[PDB]
């Protein structure tokens, strides 16, 4: 089993072999090279509708998002191992406070992880970190981990992961914030290895809880359909092709890799479960959002306001998207805890108050409030 470890626990030899194996994968023009694998995600569009119209293959806004991306990260991993890496794609634990992106990707000189070229666009990838990036993520992820149903976890998990994409890429034209070019920035793989790790920590929690972790009773339909393009005969990877259905991608152990550990924030699995329980011993009020495709990436900010017009910051969540993305709409609410904002405005759950929403494109332009239905507010008692 190939090990994925914390980027900051990498030995200098680990780093060198990774940088080397990555340089070779990037130079490789075969179907197992970088440009080809990166294409599975956005552009060049590699999937087609029955009518010949193409769309980006990555599954977002749906329950199979973890599954689809678990296979894509594995596809890139196998290629690196094949070029000499003796270690798996390391994970960048972004739920842990950080004052800067990991060194692995920031060193400019002779670093294959600093950027990649985008053949189709004839440029290199771009990053333009937003100040918000530098905890918030711990909170967004802990709410996801608290869930005991796959579909409820998935939505919190996916929206939380979107934030890294948006705040790293920023307004840059070819970076992490575009559905089209994210997969080209090598940081995408450190981000997605961590994202796969978060799903793995959740599967261990469920196991610990005595609840289903390798199957899901919700959305039972989508989990049996194939994950394009991993199911195609043209997929040179026999492992990802063999586990190309949502149903077959739950068990990562069958994918040949493992993590150095599943200790979320220094806590063991049973400690984390005790911790999340403590959280539910408090009454909480939540804003709930119904999300669907808007054909682009957007950041949403909202304030909680007393009727008299006194407001306080409510929260922020991001949507990763772009032109030609496949249609998507979640079948449940995305929950955001606003207990604090209320307490601040000295509001009571039953007081009448407003939630003011502002949707903004990645460039900075305000998008119509028409894209999003008005949020719901509900109480979640101890």
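Residue numbers count along the first chain shown, from 1.
Checked against the record, the higher mean CA B factor of 232-240 and 182-190 lies with 232-240. With 321-329 and 66-74 compared on mean CA B-factor from the PDB entry, the stretch scoring higher is 321-329. When the C-alpha B-factors of 126, 296, 112, 177 are read from the PDB record, the largest value belongs to 126. Considering 312, 147, 140, 214 together, the PDB entry gives 312 the largest C-alpha B factor. In this PDB entry, residue 198 carries a Cα temperature factor that places it within the lowest third of its chain's modelled residues.
Split the chain's modelled residues into thirds by C-alpha temperature factor. Residue 379 is in the middle one. Looking at the C-alpha B-factors along this chain, the one for residue 122 belongs to the highest third. The PDB entry assigns residue 277 a C-alpha temperature factor belonging to the highest third of its chain's modelled residues. Placement of the Cα temperature factor of residue 134 within the chain: highest third of the modelled residues, per the deposited record.
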